[PDB]
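Given next are the chains, with one letter for each unit.
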Amino acid sequence: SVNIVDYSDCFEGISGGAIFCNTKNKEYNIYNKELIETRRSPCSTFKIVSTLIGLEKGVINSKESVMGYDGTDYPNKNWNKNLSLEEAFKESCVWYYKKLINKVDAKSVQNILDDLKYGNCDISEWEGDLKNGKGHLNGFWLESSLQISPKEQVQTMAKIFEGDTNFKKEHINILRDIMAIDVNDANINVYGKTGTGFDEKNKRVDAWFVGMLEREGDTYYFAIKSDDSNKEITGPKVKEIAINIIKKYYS
Ligand SMILES: *C(=O)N1C[C@H](NOS(=O)(=O)O)CC[C@H]1C(N)=O
Ligand SMILES: NC(=O)[C@@H]1CC[C@@H]2CN1C(=O)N2OS(=O)(=O)O
């Protein structure tokens, strides 16, 4: 079942690991086991769960749902509008997801994380890593108190998308909808979300791509993670590595 594998050829000399799990036939493919078991901040990958929280609590209702943009100026052009759930997810729009999560009481979030077994489920630093100076552009899921391992990410993904949580199927399908990506291969369906952060304590990136793939009957849940010391390594870069792994070993 648990197969140690070597995907270093796809990592282009970047430090990281990967885990792919097929729950039907229990095949667990692990590259860099120590890293895959290490908890780190989820960064923007948490938007997968925060979207479901918002849908479940009725803060948002569909992929068109808006959060009432108030005119605040942001450097990313596409944050400066009353964007829908679908575009806020794809743009990783921090103000949208901060306003969303701050409409939900802390006990509801704690119980949902507990139910999902979401890493350390530690939301004690609700406001986030305020020492970085970024103020309200912060939260417990952004290089702060909440931490989860790549293995636990995969377990959470599988629980959600195999229908094993109490989240509504309608809401699960919205997530599938907005997480779908185009890999120029119609023979596989890939879904995911990136994450980018810098671990200031250890001087290492937290660069993520987490999601799942479907091809000809089988579904693999996956998490690819870099902990490189090179600050240029981002979520988008690790998503490229993930796509190379998928095209090479999961075709
Ligand atoms: C989430 O990881 N973040 C928000 C934004 N999106 O990054 S992503 O492209 O990897 O999704 C960039 C910064 C980052 C953050 N912690 O602010
Ligand atoms: N971010 C993506 O979705 C990636 C990046 C570029 C395209 C779409 N995609 C691929 O897999 N690509 O590469 S391509 O297959 O070689 O054309």
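Cut-off values and rules
- Residues numbered from 1 in each chain as written, not as in the entry; some residues may be left out.
- Chains lettered and ligands numbered in written order.
- Heavy atoms only, no water.
- Residues with missing side-chain atoms left out of burial classes, pairs and counts.
- Buried < 20%, exposed > 50% of the residue type's maximum accessible area, 1.4 Å probe, protein only.
- Helix = DSSP H or I, 4+ residues; strand = E, 2+ residues; numbered from the N terminus.
- Pairing = 2+ DSSP bridges.
- Expected span 1.5 Å × (residues − 1).
- Near = heavy atom within 4 Å.
- Polar contact = N/O pair within 3.5 Å; in protein donor to acceptor, adjacent residues only side chain to side chain.
- Areas by Shrake-Rupley, 256 points an atom, 1.4 Å probe, with all protein chains shown as cover.
- Disulfide = S-S within 2.5 Å.
- Salt bridge = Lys/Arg side-chain N within 4 Å of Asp/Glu carboxyl O.
- Axes fitted to C-alpha atoms, helices over the stretch in contact; angles between N-to-C directions.
- Left-handed = near helix turned anticlockwise from the far one by under 90°.
- Contact = heavy atoms within 4.5 Å.
- Nonpolar A, V, L, I, M, F, W, Y, C, P; charged D, E, K, R; others polar.
- Parallel < 35°, antiparallel > 145°, perpendicular 65-115°, else oblique.
- Core = buried A, V, L, I, M, F, W, Y, C linked by side-chain atoms within 4.5 Å.

In its metadata, the entry names X-ray crystallography as the structure determination method and reports 2.0000 Å as the resolution.

A closer look at the pairing of strand 2 (residues 16-22)
Buried residues dominate strand 2, accounting for 7 of its 7 residues. As defined by bridge partners, strand 2 adjoins strand 7 (residues 218-226) across 6 bridges and the pair is classed as antiparallel. Within strand 7, the residue paired with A18 across the bridge is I224. Alignment of strand 2 against strand 3 (residues 27-31), held across 5 bridges, turns out to be antiparallel. Residue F20 lies in a different strand from strand 3, and its bridge partner there is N29. Counting the residues between successive antiparallel strands, the hairpin from strand 2 to strand 3 contains 4 residues, one of them, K26, with a positive phi of roughly 60°.

With respect to helix 6 (residues 150-161)
If you check helix 6, its first and last C-alpha atoms are 17 Å apart, about what 12 residues at 1.5 Å a residue would give, namely 16 Å. Judged by how many residues are buried, helix 6 sits mostly within the fold: 9 of 12 residues are covered. Among the residues of helix 6, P150, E152, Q153, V154, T156, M157, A158, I160 and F161 are the ones counted as buried. Just beyond helix 6, the residue with positive phi is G163, at close to 80°.

Quick word on the site of ligand 1
In the vicinity of ligand 1, the contacting residues are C43, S44, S92, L142, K193, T194, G195, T196 and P236. One nitrogen or oxygen atom from the side chain of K193 is found 2.8 Å from an oxygen atom belonging to ligand 1. Isolated, ligand 1 exposes 390 Å² of accessible area, and the fraction of that covered by the protein chains is 73%. Per element, the largest residue contribution to the shell around ligand 1 is 4 residues, and it comes from strand 5 (residues 189-199).

Description of the state of the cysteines
In the structure shown here, the tally under the stated rule is 0 disulfides. Note on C10: no disulfide assigned, nearest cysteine sulfur contributed by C21 at a separation of 19 Å. Not part of a disulfide, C43 finds its nearest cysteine sulfur in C93, a span of 16 Å.

Things to note about the pattern of salt bridges
Here the idea is simple: oppositely charged side chains can pair when their charged atoms come close. Applying the stated criterion to the full structure yields 12 salt bridges. Measuring nitrogen to oxygen at the nearest pair gives 2.8 Å for the salt bridge that ties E152 to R39. Remark: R39 occurs in the loop between helix 1 (33-36) and helix 2 (47-56) and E152 occurs in helix 6; sequence separation between them is 113 residues. The shortest N-O distance in the salt bridge between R215 and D218 comes to 3.2 Å.

Section: the packing of helix 2 against helix 7 (residues 169-179)
Closest axis-to-axis distance for the helix 2/helix 7 pair is 10 Å, and the angle between their directions is 140°. The two elements helix 2 and helix 7 cross, and the hand of that crossing is right-handed. Contact residues: helix 2 offers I48, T51, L52, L55 and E56, while helix 7 offers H171, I172, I174, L175, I178 and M179. Tallied by class, the residues present in the contact of helix 2 with helix 7 amount to 8 nonpolar, 2 polar and 1 charged.

Structural notes on the packing of helix 2 against helix 4 (residues 94-101)
For the pair helix 2 and helix 4, interaxial distance at closest approach is 10 Å and the crossing angle is 45°. Taken together, the axes of helix 2 and helix 4 lie oblique to each other. Relative to helix 4, helix 2 is oriented so that their crossing is left-handed. Contact residues: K47, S50, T51, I53 and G54 in helix 2; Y97, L100 and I101 in helix 4.

As for the nonpolar core
The biggest cluster of nonpolar side chains holds 58 residues, and the ones touching the most others in it are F46, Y96, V109, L113, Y118, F140 and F161. The contact partners of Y118, leaving out residues within four places of it in the chain, are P42, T45, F46, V49, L113, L146, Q147, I148, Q153 and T156. In terms of nonpolar packing, the next biggest core, distinct from the first, is built from 26 residues, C10, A18, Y220 and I224 among them.

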